[PDB]
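Enquirer: Got a structure here, written out as C-alpha cells. Questions coming.
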Amino acid sequence: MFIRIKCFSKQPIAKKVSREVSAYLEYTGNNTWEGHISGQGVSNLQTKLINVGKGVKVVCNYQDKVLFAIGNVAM
Amino acid sequence: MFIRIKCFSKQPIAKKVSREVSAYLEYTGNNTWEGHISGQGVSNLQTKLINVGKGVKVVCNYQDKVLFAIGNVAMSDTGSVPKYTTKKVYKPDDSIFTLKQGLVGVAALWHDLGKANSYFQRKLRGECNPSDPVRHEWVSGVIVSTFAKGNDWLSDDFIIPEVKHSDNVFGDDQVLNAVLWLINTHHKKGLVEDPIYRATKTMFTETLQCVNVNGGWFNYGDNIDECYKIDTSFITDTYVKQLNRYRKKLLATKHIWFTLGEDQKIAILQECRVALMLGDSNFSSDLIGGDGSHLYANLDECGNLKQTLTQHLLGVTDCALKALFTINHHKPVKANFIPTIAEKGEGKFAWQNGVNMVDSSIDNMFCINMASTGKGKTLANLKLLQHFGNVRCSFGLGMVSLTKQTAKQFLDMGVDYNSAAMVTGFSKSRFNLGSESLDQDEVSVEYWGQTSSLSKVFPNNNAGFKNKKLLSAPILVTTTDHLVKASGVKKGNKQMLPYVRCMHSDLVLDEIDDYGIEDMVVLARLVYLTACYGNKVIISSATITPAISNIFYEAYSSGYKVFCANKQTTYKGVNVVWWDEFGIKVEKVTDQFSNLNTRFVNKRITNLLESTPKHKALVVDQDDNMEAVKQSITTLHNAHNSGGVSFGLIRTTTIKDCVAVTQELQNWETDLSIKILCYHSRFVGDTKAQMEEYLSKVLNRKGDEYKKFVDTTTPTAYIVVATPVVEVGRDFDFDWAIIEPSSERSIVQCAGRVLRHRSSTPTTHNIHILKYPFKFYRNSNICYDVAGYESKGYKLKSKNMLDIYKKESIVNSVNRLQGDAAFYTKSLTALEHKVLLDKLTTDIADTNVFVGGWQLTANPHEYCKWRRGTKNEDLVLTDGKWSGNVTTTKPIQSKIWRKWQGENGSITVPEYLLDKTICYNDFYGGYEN
Amino acid sequence: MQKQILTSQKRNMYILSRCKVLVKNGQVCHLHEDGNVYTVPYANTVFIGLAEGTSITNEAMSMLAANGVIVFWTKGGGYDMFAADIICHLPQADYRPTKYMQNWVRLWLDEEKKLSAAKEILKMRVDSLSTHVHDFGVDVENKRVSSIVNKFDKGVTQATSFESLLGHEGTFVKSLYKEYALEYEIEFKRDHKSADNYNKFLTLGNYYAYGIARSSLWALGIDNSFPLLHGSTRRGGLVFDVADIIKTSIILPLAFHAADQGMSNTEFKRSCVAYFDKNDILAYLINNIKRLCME
Amino acid sequence: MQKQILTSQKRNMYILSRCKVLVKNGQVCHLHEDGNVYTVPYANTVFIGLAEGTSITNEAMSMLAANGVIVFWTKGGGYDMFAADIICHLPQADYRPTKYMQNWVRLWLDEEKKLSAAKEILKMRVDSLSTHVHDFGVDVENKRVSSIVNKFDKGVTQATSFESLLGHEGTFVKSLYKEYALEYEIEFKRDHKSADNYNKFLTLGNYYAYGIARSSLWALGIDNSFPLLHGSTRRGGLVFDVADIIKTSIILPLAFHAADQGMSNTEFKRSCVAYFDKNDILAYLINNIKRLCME
Amino acid sequence: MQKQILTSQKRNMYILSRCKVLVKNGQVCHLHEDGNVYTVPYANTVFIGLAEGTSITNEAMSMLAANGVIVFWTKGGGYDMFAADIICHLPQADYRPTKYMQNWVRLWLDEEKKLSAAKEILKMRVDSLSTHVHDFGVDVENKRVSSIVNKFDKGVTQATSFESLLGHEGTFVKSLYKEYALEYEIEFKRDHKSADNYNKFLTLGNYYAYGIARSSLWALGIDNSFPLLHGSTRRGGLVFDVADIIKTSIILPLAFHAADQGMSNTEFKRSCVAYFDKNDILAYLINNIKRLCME
DNA sequence: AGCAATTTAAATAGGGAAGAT
DNA sequence: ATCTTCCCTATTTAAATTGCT
Ligand SMILES: [Mn+2]
Ligand SMILES: [Mn+2]
C-alpha cells in the first residue's frame, strides 16, 4: 500500500513530527514523505502521531483519497 | 512526460520562481510541484526558470532519474533531498591542493615584482617605449632568484636585494623552479630555439634550466640598468603577512611535492599557471579605484595611474586563490536527462544498446567508436555519455557545417538550448532563405542555458556572448579550435577558458582522421589534458589506424595516471570501450592495449568482410590521367547509371587540378551529356554556400526527392569535379567516383561518398582510380604530398599505383584498420601507417604527444601549430567588386549545369598565388592563368 | 516569447467548483471559502470550466486567454438537455491560423461536401472506438459492438440527408449507452438531470469532452457556428459534433467505470486527464480535423 | 466605471470597470469601487464588457446569457477585448451563424463580390478620413490631401486585381504618412522596429485599432479568417483590413499629435478611447461591416 | 509499546553506498561525502546494506536491531566464482519464536528428513517461477522452460544424495541463466568480478536476496548456520538456499531487464522494492517456511 | 556520538496602506 | 475591485554552541 504524508507544521513541532514520521516513509522531501506501508502499520503511525502531542499537522493521501487528516488541515 | 519539481530555495526566490513553476505544473503543496508537460514545455520552463535571476534552487525528476538541477544543488548522490548540510565533511590529506594553493599564492605575490623598475614607471607615465627591454615577469623572476641565492627563500624576511641582469634564473631546487616558472610565465611561456635542447631535454628542471631571457623576454636591451634598479616600497602590513602565510603554507606542503612524478608536476604547474592568469586577468579587468601612490602596475582606458603594485599583487593573489578554489571544488552544471536517448535503438541503430554493456559507475572512460557512417555515431556518443548519468561534454568537431549537423541532430532528437551550445567563432553570413517560418532548421546561437559559477573568477565576468557559451555549456557542440587552446598558447590568456572548460567536462572528438598530423598531435594533447581531470574521452572514427588509436589511448592513460595519483588513488587502468556497429567491448586496460585493440579491429574486419562489397575499385592502366578520366567516365556511365542518368565524382587533389579536369571535360567531345560542377574550397561566401545546399539536396538518395532537383528525364551525366572538400564531412551519394590518388584514407572516404545511402551492390566496378596523381607530371620526385602523407622524409620508391596499390580491390576501412609498417616505400597503405606511428609516437620530443617538460615552455605551441597552413591572405569580394589582384573572368560555358553567382564574401588565397592574379570566376574559383 | 507550448501539447485541464478565481502575484489561482488558494498551471491548461458558485476576475481571464485557455461555464444553457448555450469564452486576441476556416467553409457552403464531411466525422466515431481501447470495460472486438459498428457504417454509407444522419446517431449512441449498461448490470436511462453516478459522471465527462473539442476547434481557428450536423435535438453547434467522436470511446467508458468502481468526482476528473494525455486525444482531434478540412 | 457604447442602433455595449458583478435579489447587479451597487437593465444591452479590476460570478454569467446579454472580457478601455463567445441569431432558441457572417462568407467566396468588397472597404476608408475630422491633424479638404484622396479613388475604381489594390493602398497609407510628416517637421518612415515617438506611438495606436476592429468584427459575428486585401495565410487579416479604415483617419493624426506633444502612453490610450466614445467609431465600423456584407 | 510492526509486512529496502550511517535528532539516516543527509525509515525497513566507503555507528545499529532490521555488509567476496563471505548482524535481543527452530532442527538432524526438505525446496523454485511471472523477459510456460523444469523435477524426484542435488542444481542454474541470455540476446557468464551490467546487477540482486532471506529466517528465528543443502561449492549457509529460491523467479529476470533497459543502479533498487512489495515475496517466503516447518 | 537545552537569527507568512489600471 | 508594491509585524524555522551521557 502506497501512501503519502504531507506536513505543514511549525518548528519545533515540525522538528518532532518530521522525526517521528521519517521512521516510517522515505523522505521524498520538503517536509513531505511517500512510501509503502501496511494499513495497520498506517494505524500504528496514526496512533503514535496522535500521542506525540498537539499543534501537529499531518495529512495523508492513499492514491489521492485522504486516508487520515490530523488537525484543522488547510488542504 | 511526467515530471516533478522540488524547490530548495530561500528568500523570495522560493516565490518568484513559484510563479513560473506554477504556470506549468500543478501544486502538490510544501513547495513541491508535480504534473504532466511536454518536452517543449520543459524547455520553456527551463528558459524562464533560469532567466528569472540568481539563486534558483530547483531539482526536477523525470520518473526517477533527475531531469535537471538548477544551481550547485547537491540534490542526489543516491537518495534525493538531504537534510541539513553544514560543513567539515571529509578534510583529508589534500596535499596537492595545498601544494597548488602554496605555489599560486607565493608566485602571485611575486608575479609583478618586476614592474617596480624605473622603466615600467616611465612606461606607465608614458615618456619611453611601451615595449620593455626585458619583460617585468623576468625582472620579478630575477628578483626572486637573487633573493633565493642570497637568503633562504622559504623562511626569512623578504627584502628585495640588488639585482643584476641574469640570463637564467632557474636552479636545481624543484619547488623554487616551480615558483620561478610560475612567475616568469604568468604572461607568456618561454620559447627555446636550441636544437640540441629541443632534442634532449625531458625532465622538469632539466628543461627549465634551458629557459633563458632570450626566449621572448629580452626584446631589445639597451636600458637594462634602469630595468634592474628597483625600489622596495612593497614592505607594508598586509602584503608582508600575506607573503608570510603563503610562504609557510608552501613550506609545510612542499614535502609531498618531491613524491610527485614528472607527469604530475607538469599538470599541477599547468593548473597553477591557469589559475594565476585567471587571478591576474580578473584583477586587471576590474577597476579598484583606490591607490597608495609612488608605484603602479596597470593603466585604465584613460591612461591614468591606477592599481598600485602592493594592492595589485594582493588582489591578484586573492583572485588566483579564489580561482583555484572554484576550479578545484566545483560540481559543474550538467545537461538535462534527454528522454529520447535512453530507450532502445531500433533497426540500424540497434547497436546503440552497447551502452547497456558498459558500467555506469566508472570514473574514467576511453571510447574508441569505430562505427561506420550513417549509423548515428554522435547519437551513440551522447547515449554513452548519458549512460553514466547526466551529460557534461564538449563535442569538438571539425568544420562549421558538421557542428551544425550535430547541433541539428541534437535539436530534433531531444536536446534544447538550455543544455546545448553550438559554438562557431566566425559569425558567418550563411542565412536560410525561402521561408523563415517554415524552416524547421538552421540551428542558431542563443544559449538560454545556465551561467556557471566559474564566471566570477574569469576576467570582467567572463565575457559577452561567446565565452559565456564556452564556459557555462553543459554540452558544448563546438568547432575544435575552441578546445585545442586548452593545452597552452603563445601570448595571452586564451588558454584559461578552454582549460577550465575541459577540466570539468568530457571530450568527444568525432572523425579525428580528417585532421592534420600536428592537429591530431595537439588533439591527443587535449585528450591527455582532459584525462588529467578524470573526464571521459570519446573518439569516434571508423577508419582508425592502430597507431592513432594507440597514441590516443596512451595520452588518455597518462592523463588518467595524473588523475589517479592526484587524488592519491591506486591506478587500476583505463576503462577502454571499443565500439562499432557490430558490437562493443569494455575492458580495464592498464597494459596490453595493442593486442586487444587489434583483436577488436580484426573482429570488426571479419564483420565487415562477409557483408557484400559496396565499393569495387579498379586502378586504371591509362597513364595520362586526363584521358583516363575521360575513359573512366564513359565506362562507369555505361555500367553504373539509373536509367541513363548517372552521378560521378572526380575527386582530384588541388584547385588548379580541379579546373584542369573541368576545362578538359568541358572541351571533351563525346556523345555523353556531361554536366560539370566545380566543388573546391576557393569560392566566395555566397557562391560556396549555394553549392553546398544544392549538392546536399541533389545527392540525397535515401528517397527519390532528388528527381526534382535535376533533370532525370533526359539521360545525363551529372559530374562533380571536387578537391578533398568532398571527402570530409559531406553526406553525398554518387553513383560512381574517379579518384586522383593522394592518400589511402582519401580512397576510403571517397568510397564512402559512393552508395552512401543506397544498399545495392555494384556489379563490375564503381570506382576508377587514376594511374598517377597529376603532380607526377610536375614533380616526379614527390607527387602524393599534397593532401597526403607522402613527404620528403617518407618517399615512395615507385609512384605507379599498380606497384603501390591493388589493381582490383574492394575499398573499405580494412586497409586503414589493419596497420602495416613494412614495405612502406612501395605501398600507399603502409606509407600511411608508417607516418602515423612516426609522428604520433609515445615520446615527448618537442612536437610529440607525450610532451613533458616542454609544456612549461612555449615550444609545443610554436613548433606544433594547430591548423598549420600557408600564409593565406584573403581577397574579398565587395558587392561585385574585387579587392586585390583578382580580375573576374569568364568560364567555358560548355557543360556547366549549375552556376550560382556571388557578390559578397571572400576567397582565401595563399600568398604564393597572390603574386599572380587569382582570376576569380563564377564557375570555378581560383586558378593560374 | 518562445514557442509557448503547442495547445495540442497542453496536458492540464480543470473544471473548478465553488471558488473565486483570481491573480495573486501573477498566479492564476482559485480561492475557496476555507482560505485555500490553489494555483492553476495556466501556461499548460487546456480549459477551465467554471461550475456553480464560481467567480473569476478580469486579470485571471487576461492571463488565461494570453496563454490560450478556453473558459466556459456549466450553467445557463448548461442543463445539457437542450444544450443550447454553454457559455464558452475563447481567446480570440491571438490571431489564429486561417486555412482550416477556409477549407472548412468551402465544404460547409457546399452541401454535398458538408454531407460527405459529416459522414467522415461519423466514421470518426468508430475510428475513435478502434484507436482508443479500454481494458476495464467493453471489448471493441466482441460480436455486439462489431455488429453495431458494421450496421452504423453500412447505414452511414447509404445515408442521404442529415435527417437520416440524425437517426443513425440515435442508434449508435443510444445503443452503445445501452450495451454498456447491460454489461455493467445497470438499468440505465440517459438523463442529464438524473442523480445517479452513471449520469453525473457522464455529464462531467460531457463537459470535459466539450472542453477538449472546443480547444481543438479554436486551435485550428474553427468556430462553432459551422456545424456539420443539423437537427432538432442537435442544438449546440460544432463543439458537440467534435465531442461526440469521443463519448462512446473515452467519456462513456470512463464514466461507466467510474460509477461502477465507485470513483469520486475528483478521481473521475483525473481519470479523464490520464486518458486525455496518455493517448494524446487533443492532438488526435486536432490532426483528425486537419484531415477533415484539408483541401 | 460604467461606460456606454452604441454599436448597431439600439443595443449598447456596456463596459464595467473596477466592479464585482453578481446577482442581487434575483437580478444582475454590480458593486462598484465606491461601495454603491448598480443594476443593469436587460432590455437595452446585448454586449456587456468586463474591463480591468472586474470579476463576474457564475449565476450572474448564466442569467446574463439567458437574457440575451452576451458577455466579453476586455482590457480596460473597452476596445481591447481578449475573450468572448460567438454571436448567434438567438442565444437560447437556436444556434445559427449570423446573417452578417453568412453574407460575408458568400461575398468572400465568389471572386467578383470579393473584389467589389475590397473596392468598397477602400471607398469607406476614404469616407472615414473625411468623416472623422480632427483638429490638430492636417486638413482633409486641403489640396494635397484631396489630390491623394482622388488618386486613391481613381486607382481603386480602375483596378481589376488585388495586388494592384495592395500597391495603391500602400501608396495611399504612406502618402498620408508623408503628409503628416510634412506637417510635424520630421523625417518619418514607417518601421515597426524603431524606438522613436512617432513610430512606436503609431504602432500601439495600430494595436488599439486592431482591438476595436476585432470588437467590431466580433459584434456582428464576423470571423477572423476572411481578409479582403491581405492574403489567405495572414493570421487575423480581417482585423487588419477593418482597422485599416481608421488607421489613417483616426490613429495616425492622434499618434502624430501624441508624439508632437510627447505625452505618455496611458494618456494616449485615454485619448484614443475618448475619440472612440465621442464619435462612435465602433458604431461606424459596425455600420461599415453591415453595408459591406449586406451589399 | 504496541505490535512493533511484523516483519513480513515491513516494506522499505536499501543498500547504502558511500555514506556514513548515523542518527540525527531521533532518526537513523545516512550522510554521504558531500553533506547530504537522507533519513532511513527504520520502523519499516527490512534490511540495510553497506557498500564500500560506508560506516555505521552504534546507536544507529541499535535502533535498527531493536526495531528488527537485519544489517549486512556487501563486500567480502574474494574468490573467483563464489560470493564468498557476507557479514550479517542478527537482532537477537528480540527473543524469537521457538518451536519453528525446533521443527527446523528435527528436520535438520534426521538425514532422510533433510533430504526430504531438500526435495521440496528444490521444487519450490520451480513453483516460484510459476507463481511470480513477470510482464517482461521470457514467458514461463513456453516449451523450453517447461521442458527444463520438468527434467529438473524428474531428476530431483529420483535423487537420493546431496551431491546429486548439487549437480542438478548446477544444470538448473546453467539452464536458466543461459535461456535468459538467449532471450535478451547476450552471451552470459556468471562472474561476480565482471564489469558487465548483467553481472553486477546479479550481484546487487544477490545482496538483495541475501537481505530478504535473513529477514525471512530471523522473522522465524532460523539461523543461517543450519544449511540443509551443503557442499564444496555450496557453502554459504541457509541463506544460499532461501536466497536462491528467488533468483530465477524474481532477481535474474529483473536483473536482466535492468541491464537491458540500462539506467543506473537506483532503478534496480527501486524495482527490487516494487516487486518484493507488490507480490509480498517476503511474506511468501515466510509462509513457505511456515508450511515447511509444521509438515 | 547523539542529544538535549537554549540561545541566536534568518527568513516566511500575513495584514494594512497606498498606488496603479 | 483587483492587484501590486512595500512597510510593519512577529511569527516562525535553521543554525550554532555545548554539557551530558
Ligand atoms: Mn604582469
Ligand atoms: Mn599582474
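Each chain in the C-alpha cells gets a letter, A, B and so on, in the order shown; residues start at 1 in every chain, and ligands are counted from 1 in the order they appear.
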Go through the chains and note each residue within 8 Å of ligand 1, using only C-alpha atoms (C1' of nucleotides) and all ligand atoms, then give the set as JSON, numbers by chain.

Expert: {"B": [111, 112, 115, 136, 137, 186, 187, 280, 297]}

Enquirer: Which chains and residue numbers are within 12 Å of ligand 2, counting only C-alpha atoms (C1' of nucleotides) and all ligand atoms, if I want them as a compact mmCIF listing (two decimals) with N, CA, C and O atoms, in the first residue's frame?

Expert:
```txt
# COMPACT_ATOMS: atom_id res chain seq x y z
N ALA B 107 53.72 32.60 -5.83
CA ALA B 107 54.06 33.19 -7.12
C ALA B 107 53.25 34.46 -7.39
O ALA B 107 53.78 35.41 -7.98
N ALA B 108 51.99 34.49 -6.97
CA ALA B 108 51.12 35.62 -7.28
C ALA B 108 51.48 36.85 -6.46
O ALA B 108 51.21 37.98 -6.88
N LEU B 109 52.09 36.67 -5.29
CA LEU B 109 52.65 37.79 -4.55
C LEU B 109 54.01 38.22 -5.09
O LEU B 109 54.54 39.24 -4.66
N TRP B 110 54.57 37.45 -6.03
CA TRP B 110 55.86 37.76 -6.64
C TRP B 110 55.76 37.89 -8.16
O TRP B 110 56.80 38.04 -8.82
N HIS B 111 54.56 37.83 -8.73
CA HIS B 111 54.42 37.80 -10.18
C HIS B 111 54.68 39.16 -10.82
O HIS B 111 55.04 39.22 -12.00
N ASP B 112 54.51 40.24 -10.07
CA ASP B 112 54.66 41.59 -10.61
C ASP B 112 55.62 42.40 -9.76
O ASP B 112 55.43 43.60 -9.55
N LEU B 113 56.68 41.76 -9.26
CA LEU B 113 57.72 42.50 -8.56
C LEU B 113 58.58 43.29 -9.53
O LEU B 113 59.23 44.27 -9.13
N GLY B 114 58.60 42.89 -10.79
CA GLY B 114 59.42 43.47 -11.82
C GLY B 114 58.84 44.69 -12.50
O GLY B 114 59.46 45.21 -13.43
N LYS B 115 57.66 45.15 -12.07
CA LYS B 115 57.15 46.43 -12.54
C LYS B 115 57.67 47.60 -11.73
O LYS B 115 57.36 48.75 -12.06
N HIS B 136 58.60 42.40 -17.42
CA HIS B 136 58.58 42.55 -15.97
C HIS B 136 58.43 41.22 -15.24
O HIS B 136 58.82 41.12 -14.08
N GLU B 137 57.87 40.20 -15.91
CA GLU B 137 57.84 38.86 -15.32
C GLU B 137 59.24 38.31 -15.15
O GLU B 137 59.55 37.70 -14.12
N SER B 140 60.88 40.23 -12.20
CA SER B 140 60.42 39.67 -10.94
C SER B 140 61.03 38.30 -10.68
O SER B 140 61.33 37.95 -9.53
N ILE B 183 56.22 32.55 -12.03
CA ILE B 183 56.43 33.99 -12.08
C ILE B 183 56.73 34.44 -13.51
O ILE B 183 56.13 35.39 -14.02
N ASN B 184 57.65 33.74 -14.18
CA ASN B 184 58.10 34.17 -15.50
C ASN B 184 57.04 33.95 -16.57
O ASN B 184 56.95 34.74 -17.52
N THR B 185 56.24 32.90 -16.44
CA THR B 185 55.26 32.54 -17.46
C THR B 185 53.84 32.86 -17.03
O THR B 185 52.90 32.12 -17.34
N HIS B 186 53.66 33.96 -16.31
CA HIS B 186 52.33 34.44 -15.99
C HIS B 186 51.74 35.31 -17.09
O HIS B 186 50.57 35.70 -16.99
N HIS B 187 52.51 35.62 -18.12
CA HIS B 187 52.01 36.26 -19.33
C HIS B 187 52.24 35.41 -20.57
O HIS B 187 51.31 35.22 -21.37
N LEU B 276 46.75 31.29 -12.09
CA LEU B 276 47.47 32.55 -11.92
C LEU B 276 47.07 33.57 -12.99
O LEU B 276 46.90 34.75 -12.67
N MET B 277 46.92 33.13 -14.25
CA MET B 277 46.42 34.09 -15.24
C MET B 277 44.96 34.44 -14.99
O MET B 277 44.55 35.55 -15.31
N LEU B 278 44.18 33.50 -14.44
CA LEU B 278 42.79 33.79 -14.10
C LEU B 278 42.70 34.89 -13.06
O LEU B 278 41.97 35.87 -13.24
N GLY B 279 43.49 34.78 -11.99
CA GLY B 279 43.51 35.82 -10.97
C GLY B 279 44.09 37.13 -11.46
O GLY B 279 43.58 38.20 -11.14
N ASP B 280 45.16 37.06 -12.27
CA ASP B 280 45.80 38.26 -12.78
C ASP B 280 44.89 39.03 -13.73
O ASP B 280 44.75 40.25 -13.62
N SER B 281 44.24 38.32 -14.66
CA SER B 281 43.33 38.98 -15.58
C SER B 281 42.04 39.42 -14.89
O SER B 281 41.45 40.43 -15.28
N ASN B 282 41.61 38.68 -13.85
CA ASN B 282 40.43 39.09 -13.10
C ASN B 282 40.69 40.38 -12.33
O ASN B 282 39.81 41.26 -12.28
N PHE B 283 41.87 40.53 -11.74
CA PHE B 283 42.15 41.78 -11.05
C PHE B 283 42.53 42.90 -12.00
O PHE B 283 42.32 44.07 -11.69
N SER B 284 43.10 42.57 -13.17
CA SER B 284 43.43 43.60 -14.14
C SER B 284 42.22 44.09 -14.92
O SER B 284 42.26 45.19 -15.47
N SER B 285 41.14 43.30 -14.97
CA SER B 285 39.96 43.72 -15.71
C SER B 285 39.16 44.77 -14.94
O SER B 285 38.81 45.82 -15.49
N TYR B 296 53.05 51.84 -9.43
CA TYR B 296 51.83 51.50 -10.14
C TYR B 296 52.08 50.29 -11.03
O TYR B 296 53.21 50.00 -11.43
N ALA B 297 50.99 49.58 -11.34
CA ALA B 297 51.04 48.35 -12.11
C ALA B 297 50.37 48.47 -13.47
O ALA B 297 50.99 48.20 -14.50
N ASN B 298 49.10 48.86 -13.50
CA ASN B 298 48.31 48.85 -14.71
C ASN B 298 47.77 50.24 -15.01
O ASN B 298 47.89 51.17 -14.20
N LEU B 299 47.18 50.37 -16.19
CA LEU B 299 46.60 51.62 -16.65
C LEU B 299 45.14 51.39 -17.01
O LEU B 299 44.75 50.29 -17.42
N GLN B 307 45.72 51.20 -9.70
CA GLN B 307 46.11 49.86 -9.25
C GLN B 307 47.58 49.82 -8.85
O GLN B 307 48.43 49.26 -9.55
N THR B 308 47.87 50.48 -7.72
CA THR B 308 49.22 50.48 -7.17
C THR B 308 49.66 49.07 -6.81
O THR B 308 48.84 48.19 -6.51
N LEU B 309 50.98 48.84 -6.88
CA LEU B 309 51.51 47.50 -7.08
C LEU B 309 51.35 46.61 -5.85
O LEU B 309 51.25 45.39 -5.99
N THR B 310 51.33 47.20 -4.65
CA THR B 310 51.10 46.41 -3.44
C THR B 310 49.70 45.80 -3.43
O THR B 310 49.54 44.58 -3.31
N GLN B 311 48.68 46.64 -3.62
CA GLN B 311 47.32 46.12 -3.67
C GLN B 311 47.03 45.40 -4.97
O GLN B 311 46.13 44.56 -5.00
N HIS B 312 47.79 45.68 -6.04
CA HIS B 312 47.67 44.87 -7.25
C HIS B 312 48.15 43.45 -7.02
O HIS B 312 47.49 42.49 -7.44
N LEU B 313 49.30 43.29 -6.34
CA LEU B 313 49.80 41.96 -6.01
C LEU B 313 48.86 41.24 -5.06
O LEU B 313 48.60 40.04 -5.23
N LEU B 314 48.32 41.96 -4.08
CA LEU B 314 47.37 41.35 -3.14
C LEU B 314 46.07 40.94 -3.83
O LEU B 314 45.52 39.87 -3.54
N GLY B 315 45.57 41.77 -4.75
CA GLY B 315 44.36 41.44 -5.47
C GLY B 315 44.54 40.28 -6.43
O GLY B 315 43.66 39.42 -6.54
N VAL B 316 45.68 40.23 -7.12
CA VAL B 316 45.97 39.09 -8.00
C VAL B 316 46.12 37.82 -7.18
O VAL B 316 45.62 36.76 -7.57
N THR B 317 46.72 37.92 -6.00
CA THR B 317 46.83 36.75 -5.14
C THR B 317 45.47 36.20 -4.73
O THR B 317 45.19 35.03 -4.94
N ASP B 318 44.61 37.04 -4.16
CA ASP B 318 43.33 36.53 -3.68
C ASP B 318 42.43 36.07 -4.82
O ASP B 318 41.67 35.12 -4.66
N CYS B 319 42.52 36.72 -5.97
CA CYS B 319 41.71 36.33 -7.11
C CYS B 319 42.18 35.01 -7.67
O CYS B 319 41.37 34.22 -8.14
N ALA B 320 43.48 34.75 -7.63
CA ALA B 320 44.02 33.49 -8.12
C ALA B 320 43.76 32.39 -7.12
O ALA B 320 43.61 31.23 -7.50
```

Enquirer: Any idea what's packed within 10 Å of stretch 186-195 of chain E, counting only C-alpha atoms (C1' of nucleotides), ignoring anything in its chain fewer than 6 positions away? Could you give it as a short mmCIF file (atom, residue, chain, number, x, y, z; two decimals) with C-alpha atoms, in the first residue's frame?

Expert:
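Generated file (result.cif):
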```cif
data_model
loop_
_atom_site.label_atom_id
_atom_site.label_comp_id
_atom_site.auth_asym_id
_atom_site.auth_seq_id
_atom_site.Cartn_x
_atom_site.Cartn_y
_atom_site.Cartn_z
CA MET B 357 27.16 -3.39 -21.72
CA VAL B 358 29.19 -0.51 -20.21
CA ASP B 359 29.42 0.13 -16.47
CA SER B 360 27.53 3.24 -15.39
CA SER B 361 29.75 3.91 -12.35
CA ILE B 362 33.20 4.16 -13.96
CA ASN B 575 38.15 1.62 -18.98
CA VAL B 586 34.65 -2.80 -22.32
CA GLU B 587 37.98 -3.76 -20.75
CA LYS B 588 40.00 -2.42 -17.84
CA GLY E 77 33.84 -11.71 -1.68
CA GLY E 78 37.38 -12.69 -2.58
CA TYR E 79 37.19 -15.89 -4.62
CA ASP E 80 36.91 -16.24 -8.40
CA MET E 81 33.49 -17.90 -8.75
CA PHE E 82 31.70 -17.52 -5.40
CA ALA E 83 30.10 -14.74 -3.41
CA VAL E 173 21.40 -22.67 -12.89
CA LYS E 174 23.17 -23.14 -16.25
CA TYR E 177 20.92 -18.28 -16.88
CA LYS E 178 21.51 -19.25 -20.49
CA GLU E 179 17.90 -19.17 -21.53
CA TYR E 180 17.62 -15.67 -20.17
CA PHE E 201 23.07 -6.30 -11.34
CA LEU E 202 23.04 -10.01 -10.48
CA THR E 203 25.44 -9.41 -7.56
CA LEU E 204 23.29 -6.49 -6.39
CA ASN E 206 22.42 -11.42 -4.68
CA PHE E 256 18.42 -8.87 -16.98
CA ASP E 260 18.69 -4.37 -20.86
#
```

Enquirer: Distance atom CA of residue B:435-atom CA of residue C:99, one decimal place?

Expert: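 Going from atom CA of residue B:435 over to atom CA of residue C:99, I get 17.6 Å.
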
Enquirer: Pick out the chain C residues within 9 Å of chain D. Count only C-alpha atoms. Give them as a PyMOL selection string.

Expert: chain C and resi 20-22+50-59+61-62+65-66+70-71+73-78+84-99+101-102+105-106+109+221+223-227+235-237

Enquirer: Can you list, as an NGL selection string, every residue of chain A that DSSP puts in strand (DSSP E)?

Expert: :A and (2-7 or 32-36 or 58-60 or 69-70)

Enquirer: For chain A, which residues have at least one atom within 9 Å of chain C, if we go by only C-alpha atoms? Write them as a list in words, please.

Expert: residues 64, 65, 74 and 75 of chain A

Enquirer: Take the residues from that selection and write them out as a short mmCIF file (atom, residue, chain, number, x, y, z; two decimals), in the first residue's frame, keeping N, CA, C and O atoms.

Expert:
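So the final result, stored in part20.cif, reads:
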```
data_model
loop_
_atom_site.label_atom_id
_atom_site.label_comp_id
_atom_site.auth_asym_id
_atom_site.auth_seq_id
_atom_site.Cartn_x
_atom_site.Cartn_y
_atom_site.Cartn_z
N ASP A 64 -5.19 9.22 -3.91
CA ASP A 64 -5.42 10.60 -3.52
C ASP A 64 -6.52 10.77 -2.49
O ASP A 64 -6.74 11.89 -2.02
N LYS A 65 -7.24 9.70 -2.14
CA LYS A 65 -8.22 9.78 -1.07
C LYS A 65 -7.52 10.01 0.26
O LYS A 65 -6.53 9.34 0.58
N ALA A 74 -5.57 22.52 6.31
CA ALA A 74 -5.91 23.50 5.29
C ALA A 74 -6.36 22.82 4.00
O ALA A 74 -7.44 23.13 3.48
N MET A 75 -5.58 21.84 3.54
CA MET A 75 -5.60 21.23 2.19
C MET A 75 -5.88 22.22 1.06
O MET A 75 -5.04 23.05 0.73
#
```

Enquirer: Which residue out of B:70, B:305, B:397, B:548 has the minimum interatomic distance to residue B:333 when only C-alpha atoms are used?

Expert: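 Using only C-alpha atoms, residue B:333 sits closest to B:70.
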
Enquirer: Taking only C-alpha atoms (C1' of nucleotides) into account, report as number ranges by chain which residues of chain F lie within 10 Å of chain B.

Expert: F: 10-12

Enquirer: Between atom CA of residue B:86 and atom CA of residue B:337, what is the distance, to one decimal in Å?

Expert: 28.7 Å

Enquirer: Residues of chain C were defined as contacting chain B if any atom lay at most 9 Å from it, counting only C-alpha atoms; please report them as a list in words.

Expert: residues 2, 3, 4, 5, 6, 9, 10, 11, 12, 25, 26, 27, 28, 38, 39, 40, 41, 42, 43, 44, 45 and 277 of chain C

Enquirer: May I ask for the distance between atom CA of residue B:696 and atom CA of residue B:730, given in Å to one decimal place?

Expert: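 Distance reported for this atom pair: 7.9 Å.
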
Enquirer: Within 12 Å of residue F:15, counting only C-alpha atoms (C1' of nucleotides), which residues show up once you throw out same-chain ones fewer than 6 positions away? Write them as a list in words, please.

Expert: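 Counting only C-alpha atoms (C1' of nucleotides), the residues come to residues 7, 8, 9 and 10 of chain G.
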
Enquirer: Which residues in chain A does DSSP call alpha helix (DSSP H)? List them as a list in words.

Expert: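 Restricting chain A to alpha helix (DSSP H) produces residues 13, 14, 15, 16, 17, 18, 19, 20, 21, 39, 40, 41, 42, 43, 44, 45, 46, 47, 48, 49 and 50 of chain A.
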
Enquirer: Which is closest to residue C:136 among C:269, C:114, C:230, C:257, if we use only C-alpha atoms?

Expert: C:257

Enquirer: When you look at stretch 142-152 of chain B with a cut-off of 10 Å (counting only C-alpha atoms (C1' of nucleotides)), what residues show up, excluding the ones that are within fewer than 4 positions of it in the same chain? I need them as a count of residues only.

Expert: 32
